[PDB]
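Accompanying notes for the structure given below.
Residue numbers (the UniProt record's numbering), protein chains in the order written: chain A, 6 to 147, 162 to 602, 700 to 728, 730 to 777, 791 to 910; chain B, 2 to 226, 331 to 690, 699 to 715; chain C, 365 to 425.
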C-alpha cells in the first residue's frame with residue numbers, strides 16, 4: 006500500500022510544476038513563453054507524463070513486483086523454499102538435547118519400505134545420548164597408551180511397536196546417524212533397553228453420579244495418565260497450534276527441523292549411566308484429575324520386582340529403583356492381558372462396592388487416538404504477475420502534426436526532431452527495464468554479470484526504429500557498457516548477505532575476478548543450508564564448512580557448483596577420526709594397524725622453506742628437535758643393522774647448504803632413493819594426533835605468486851578462517867606442489883566415491899600425511 | 002535529492018544505507034554525453050553532443066547548476082534547461098526504487114519468516130515510603146500508583162508496586178558490626194547512629210572496613226576465663346566469639362506484631378551465605394531464617410526482603426542497647442585473596458521500602474526510555490493518601506529498554522540467522538556472550554598461533570574483559586569478575602556448544618607494557634600539566650574499558666609502535682615527541706595469548 | 365575554585381603557587397593552575413581544582 010501515500014506526489018499536475026520551476030529559474034530570459042502552445046512544453050508534457058507513468062509502476066504491491074513472468078519461475082514462490090523459516094531459523098543437531106529432539110522424531114512410516122505405511126508409533130519413546138564411560142574410550146596401543168577423544172554412546176529406549184520389530188528400527192537409525200554425523204564425533208556403541216513389567220496394583224474408587232456407559236471412558240483415562248507419567252513421552256503438535264499460543268515464531272523453530280510435530284518442552288529424560296528411581300507420590304493428583312475418579316485406595320506391586328532386584332528406596336512406599344539397563348513396561352500387552360480380564364491389576368470401585376469392569380475393545384473407542392502429522396515447508400506464494408516491463412514510446416503521445424508517426428523523411432524537419440527525442444527516450448527506457456529486473460536484481464540465486472539494462476526502447480517493426488536504423492548497431496553496443504558497471508552487483512551481494520549477519524569477502528589480489536565472483540554468488544544462494552549444516556561431513560557430499568571457509572577467504576573454486584565433482588578442488592578437508600577403524701573361526705585375526713611413521717629419501721629440509730619439500734613424502738611434522746636416525750638402503754643383501762644416526766637439523770635440496791652428527795657413518799648423497807626415514811626416540815614428542823585434528827591440504831601455487839612472503843600471507847590466511855572453525859576443532863595444514871596435489875586429488879575422490887572405506891585408498895592418504903601407514907600388503 | 006517527496010517516503014519505509022541506484026546527477030550526464038556523440042547531427046562531422054552541450058557548458062558544470070553548487074544565472078540555453086528539467090523529473094522514479102530493498106528485507110522477516118520486534122521493557126525503581134506520626138499502621142494494595150511529572154509530548158509516567166506492602170512507622174536507627182581481623186582483638190565500628198544523629202556517610206561504606214570510629218573490646222582483648334562483659338553490654342552467660350564478621354541492625358518504633366521491609370542497594374563481589382538472629386528477653390539470640398524471605402540472594406544483589414518481626418522479640422534486653430530492637434546478621438565471607446575477597450560495598454539501605462514498576466509502557470514516548478529517570482524524582486503518589494508524609498527514591502530506574510527501532514531490529518534478526526542460538530564456532534561464541542551479558546565489555550579470541558599448533562587440546566579458554574560498570578575487584582584498570590558468576594557464563598554456553606567442547610571463561614592476566622617518553626610541548630604551557638593531561642587520553646584510548654559509560658568498541662590485542670606514536674601526535678597540546686622506549690615487562702609489542710596489555714607511565 | 369583578578373601591574377612577576385598539607389609542608393600547585401592572567405600581569409580568570417589531600421587543619425597557619 007505504497008500508492009495511497011505517494012498518490013498526490015507521482016502526478017502529472019505536480020511533476021509539471023516541478024519542471025516549470027527548473028525553467029523559470031535557469032532560462033527565464035531566453036525562454037520566456039511557457040504557454041500551452043509552444044513545442045518546448047509539449048515535449049516536456051510528454052516526458053512528465055512518461056515519468057508519472059514510470060513512477061506509478063514502483064507503487065505496485067511488492068508481492069506483484071517481485072514475482073517474475075509465468076514463463077520463467079523457480080518452483081515455489083517469491084523467496085525460494087530453502088529460505089523458509091523451517092530452514093532459516095532451525096539449526097543443526099549438536100546438543101545432547103536436540104539429539105533427543107531428532108531421535109524422538111523417527112517414525113515407522115518414514116521408513117522407505119515395509120509395514121504397509123499405516124502401522125507404527127514413533128521409533129523411540131525416549132532416548133538419552135551422553136558421552137561414553139571414561140574407562141573404555143577407544144584406548145589403543147600401536162606405541163604406548165593413546166586414548167581417542169570424541170566418540171560417544173547412546174542408550175535407546177524403544178517403544179512397544181519397535182520391540183516387535185527390532186531389525187526394522189536398526190536399519191533406519193543407522194541411516195540417520197550418518198546424515199547427522201558431526202565434525203569430530205561419532206557413535207561407537209548403541210545400547211538397546213529391556214522391559215520390566217511393573218505390575219502396579221492401584222484401587223480406583225469412582226464417583227457417585229457416573230453413568231454406567233462412562234466407565235469404559237474411565238479405564239481409558241486411568242491408563243493414559245498412568246503412561247505419560249511413568250513412561251516419559253514427548254508431546255508433539257502442529258505449528259498452527261503454536262501460532263495460536265502466545266510464543267513467537269522464533270520460539271517454534273528453535274531446534275532442528277522436525278518433520279513430525281514440534282517439541283518445545285522436553286520430557287527431561289533421566290540418564291542411563293546409573294539406576295533410576297521412579298517416584299509415584301506425584302501420580303495421585305494426575306489420577307485424581309479425571310472426572311469420575313474421586314480417590315484411589317492402593318498403590319503397590321505384587322512381588323513382580325524381584326526378577327531384577329528392584330529395591331524400594333530408604334523409607335517411602337511409593338518409589339522404586341529399577342536396576343541399570345531396564346525401563347518400565349508397566350502393563351505389557353495392556354488391556355487384553357491385564358485390564359479387561361478382571362484379575363485385578365486395576366480394581367474400579369463404584370457406588371460403594373458394585374465393582375464393574377470392561378472388555379478390551381470397549382475402551383479403545385473411548386481412548387484418544389493420536390493423529391500422524393507431517394509439517395510441510397513454509398513458502399510465500401506468488402502474487403499476480405504484472406506487465407511492468409513493456410515500454411510505450413513518448414514519441415507516440417505527441418500530436419501528429421509534429422510528424423513522429425508520419426511516413427519517414429517525407430519532410431526534412433522529421434529527422435532532426437526524431438533524434439532529439441532519442442536521448443530522453445533511453446533515459447525513460449532505463450527506468451522501465453529496472454522495475455522488470457527487480458525479481459532478477461533481488462533474487463537470492465544470482466547468476467549474472469548483468470545489471471540495470473541495455474535493451475532498445477523501440478520494437479523492431481515500429482516507425483521509430485526506422486529513423487535511427489543507421490546507428491542502432493552502434494547505440495546498442497555503447498548500451499553494452501552495463502557490463503562495466505558489474506562492480507555494483509558485488510555491492511548487492513554484500514547487502515543480500517547482510518540479511519544473514521555475514522558481510523561479503525574482501526577483494527584480494529589473486530582473485531581471477533571472473534572466477535572469484537561465482538564463488539561469491541553461490542555463497543548467497545546456499546547460505547541457509549550452510550549455517551544449518553555447519554558440521555556435516557556427509558560421506559558423499561562436499562563438506563558444508565569447506566564451502567564456508569573458501570567463501571570467507573574468497574579464493575576461487577568450483578565447489579559452489581550444483582554438483583560437487585570432487586576430483587578438482589582448491590583444497591580438501593580430511594579428518595583423522597575418519598581414518599580409524601573399530602573392527700572360519702580364527703582366520704580373521706586383526707593383528708596391527710598403522711604400522712609406523714616414515715618417509716622416503718629424496719632430499720631433506722629442516723629450515724622451513726616455501727613449502728616448509731620432497732615429492733611422494735612430507736615435511737609435515739613440525740620438529741626443531743633431534744635427528745632422523747635410520748636408513749634402509751639395501752635389504753636385498755648383507756650389512757644390516759648398522760643404520761645411521763644422521764644430523765640434527767639440516768636442509769639439503771641444493772648445493773647452497775655446502776656445510777657437512792654422524793656415526794655408523796652412511797652413504798648419503800643424491801643417488802639412492804632406497805634409503806628411508808625415521809625419527810630418533812630421544813625427542814620424546816609422541817602426541818595424540820587423531821582426536822580432533824582436521825588437516826587441510828592446500829596448493830602451493832598460491833605462494834608461487836611473487837612478493838608473497840609466505841609467513842606474512844599465512845598470518846592473514848588463518849586470520850579469517852579462525853572464526854569459521856569450531857573452538858575445539860583443530861587445524862594443521864600441509865601444502866605441496868602441483869603434482870603431489872594432483873596425486874592427492876585423485877585419491878580423495880576414489881575414497882569418497884566408495885563411501886570412506888578403510889582400504890587401500892585411505893592408507894594412501896595416511897601415507898600422504900606425516901602419520902605413516904602400513905602399505906606392506908601392496909608392496910609393488 | 003527531491004526533498005519534497007523523500008520526507009514523506011523515508012518516514013514510512015526504514016530506508017537503509019544501501020541504494021539500488023548510486024547514479025548521481027554528475028554520473029548521469031556523462032552517460033548521456035557518450036550516448037549523444039554517436040547520434041549524427043545531419044550531414045556534418047559534428048554530432049549531437051555538440052548540440053546538447055553547446056556554449057561553455059560541460060556536464061560537470063550542468064551538474065553544478067543542478068545541485069546548485071553554482072547560483073542559477075538567468076540565461077541558460079533552452080535545450081540545456083530542457084535537459085536539466087528532465088533530470089528533476091527523473092528523481093521521482095529513482096527515489097521510489099531506492100526505497101524498495103529496505104522494503105524487500107522487511108517483507109522477508111515479517112511476512113515469510115514471521116519474526117516480530119521487541120516491545121518496550123518497563124523499568125522498576127527503588128521506593129522508600131515513610132509514614133506520619135499520627136498512626137502506626139497503614140495498608141496500601143497492589144496497583145497503587147506513584148508518579149513524578151510527565152513525559153515530553155505525551156502522558157504522565159506512573160509507577161506501581163508489584164507486591165502489597167503494609168507500612169509502619171519506624172526507621173533504621175543503628176547499623177554496627179563486629180569484624181574479626183586479628184586473634185584476641187576485635188574492633189567495634191559505628192557508622193550509622195541515629196541517637197548521636199550521625200548518618201550513613203559518603204554514599205557507601207565498605208562493610209567491615211577501617212572506619213576509624215572503632216574502639217577495641219577491652220572486655221575481650223583477653224578472653225574471659331563484671332557480669333560477663335561482652336561487646337555492646339553485659340551478657341548473662343558464656344557466649345562464643347567465632348571467626349565470622351557480623352553486622353547488627355538497630356530497629357526503632359516497631360511493635361512485635363508488625364513487619365519490616367528493607368531494600369538493600371548492594372554491589373557485592375562474592376555472595377556471603379548469611380544467617381539472621383534476633384534478640385530475646387532471655388538475652389539469647391534465636392534463629393530468624395524461617396521468617397526471612399529474601400530476594401537479595403543472601404546479600405548478593407540488590408533486592409527487597411520483608412520480615413514479619415517475630416513474636417516475643419524484646420525491646421529491653423541485655424548485651425545490647427536497650428532502646429532499640431536488634432537483628433543480627435552473620436556473614437560467611439568466602440576466603441579469597443585481594444580486594445575481591447572482601448565484603449559488599451553497600452551503596453545504601455532504606456526502611457519501609459518496596460520496588461515499583463512502570464504501569465503503561467505503550468503510551469510513553471521513546472525520549473523517556475533513553476536515560477534512567479533521575480534520582481529523588483517521585484515525591485508523591487497519584488491518589489492523595491492523607492496519612493502518608495513522604496515517599497522518596499534515593500536511587501532511580503535501573504533496567505528498561507527502548508522499543509526497537511528498525512535499524513536495531515534488523516541487527517537483532519541478522520544475528521539470529523547467523524548463529525541460530527547455537528555456539529558452534531569461535532565467532533559464534535564471541536557474539537553470544539556479548540548480547541546477553543551487559544557486564545562484558547569485550548571478548549577476544551585465543552589468537553592465531555594457538556589454533557594451528559594444537560597437539561589435541563580439547564579445552565578452550567575464552568578470555569572475557571568486562572566494563573568498569575560491573576567489576577567486583579577494586580581495580581579500575583584491571584577489571585575482574587568473581588569466579589562464581591564467571592563459571593555461570595560457561596554453564597550457559599555449554600548448552601549451546603558441542604558436548605565434547607569443554608568451554609570455560611576466565612579473566613586474562615594483565616601484562617604491563619611501560620613507556621618512558623620525552624616530548625616537547627607548546628611554547629606557553631607547563632609540562633607537568635602537559636604530562637598529566639596527555640596521560641589521561643593515552644590511558645583512555647588503549648584502555649577503553651577503564652573510563653565509565655563507554656560503548657564496547659572492538660580493539661585488537663596488538664598495539665603498534667607507530668600507531669601509538671601517531672596517537673600521541675593528535676593531541677592538541679603536543680608539538681613533537683623524541684622517543685618512546687617501549688618497555689615490556699624498541700619495536701611494536703604484540704600481546705601473547707590469554708594476555709591483555711596495560712600501559713604504565715613512570 | 366575560580367577567581368577573577370582585577371589588576372593593574374607595572375611589570376609581570378613570575379609567580380609560583382603552593383598549598384597546605386597535613387604534614388605542614390607546602391607542595392607545588394602549578395600543575396593544577398591554568399591561568400589566563402599571565403602570571404598576574406593583566407586581569408583574567410583562572411580556575412583551580414583544589415588538589416586532593418589538601419587539609420583544612422594544619423600547623424603554622
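Even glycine gets a Cβ: it sits at the ideal position worked out from N, Cα and C.
Could you confirm whether any beta carbon from chain B is found closer than 8 Å to the beta carbon of residue i?
i, result
"residue 398(C)", "yes"
"residue 523(A)", "no"
"residue 550(A)", "yes"
"residue 856(A)", "yes"
"residue 902(A)", "no"
"residue 64(A)", "yes"
"residue 208(A)", "no"
Under 7 Å between beta-carbons, which chain B residues line up against residue i? List them in chain order, please.
i, result
"residue 36(A)", "79, 82"
"residue 435(A)", "43"
Quick check: is the beta carbon of residue i nearer than 8 Å to any beta carbon in chain A?
i, result
"residue 368(B)", "no"
"residue 665(B)", "no"
"residue 33(B)", "yes"
Note down, in chain order, every chain A residue with its Cβ under 8 Å from the Cβ of residue i.
i, result
"residue 59(B)", "The contacting residues do not exist; residue 59(B) stays about 16 Å from chain A at best."
Please compile the residues from chain C whose C-beta is within a distance smaller than 9 Å of the C-beta of residue i.
i, result
"residue 213(B)", "Residues of chain C passing the Cβ test: none, with the nearest at roughly 14 Å."
"residue 634(B)", "394, 395, 396, 397, 398"
Please check the pair residue i and residue j, which I expect to be a contact at CB under 8 Å, by giving their CB distance rounded to whole angstroms.
i, j, result
"residue 277(A)", "residue 394(A)", "7 Å"
"residue 101(B)", "residue 67(B)", "The Cβ separation is near 24 Å, so there is no contact."
"residue 369(C)", "residue 401(C)", "5 Å"
Could you check if residue i is buried or exposed, using at least 16 other CB atoms within 10 Å of its CB as the buried criterion?
i, result
"residue 763(A)", "buried"
"residue 870(A)", "buried"
"residue 533(B)", "buried"
"residue 151(A)", "Inspection of chain A shows residue 147 followed directly by residue 162; residue 151(A) is thus not represented."
"residue 146(A)", "exposed"
"residue 536(A)", "buried"
"residue 211(B)", "exposed"
"residue 721(B)", "What the structure shows of chain B is the stretch from 2 to 715, and residue 721(B) is not part of that stretch, so it cannot be assessed."
In chain B, which residues lie less than 9 Å from residue i when you measure between Cβ atoms?
i, result
"residue 791(A)", "Ordered by position in chain B, no residue passes the 9 Å Cβ test against residue 791(A), which lies about 27 Å from the chain."
"residue 89(A)", "113, 114"
"residue 268(A)", "114, 115, 116, 117"
In chain A, what lies closer than 9 Å to residue i by C-beta?
i, result
"residue 568(B)", "Chain A residues near residue 568(B): none, gap ~13 Å exceeds 9 Å."
Closer than 8 Å, CB to CB, is residue i near chain C or not?
i, result
"residue 349(B)", "no"
"residue 637(B)", "yes"
Could you name the residues of chain B that residue i contacts, counting a contact when the two beta carbons are closer than 8 Å?
i, result
"residue 497(A)", "35, 36, 39"
Worksheet entry | Complete beta strand (DSSP E) runs within the stretch 815-884 of chain A (minimum length 3 residues, chain order) | 823-829, 860-866
Practice prompt. Return the chain-ordered ranges of every alpha helix (DSSP H) run that is complete within the stretch 538-603 of chain B and spans a minimum of 4 residues.
Written response: 555-558, 588-601
Worksheet item: If you scan the stretch 429-477 of chain B from start to end, which runs of the alpha helix (DSSP H) of 4 or more residues do you find wholly inside it?
Response: Here the runs fully enclosed are 471-475.
Fill in: Ordered list of beta strand (DSSP E) runs contained in the stretch 601-629 of chain B, each at least 3 residues
608-611, 614-620, 623-626
Practice prompt. With a floor of 4 residues, list each alpha helix (DSSP H) that falls wholly inside the stretch 401-432 of chain A, ordered by position along the chain.
Written response: none
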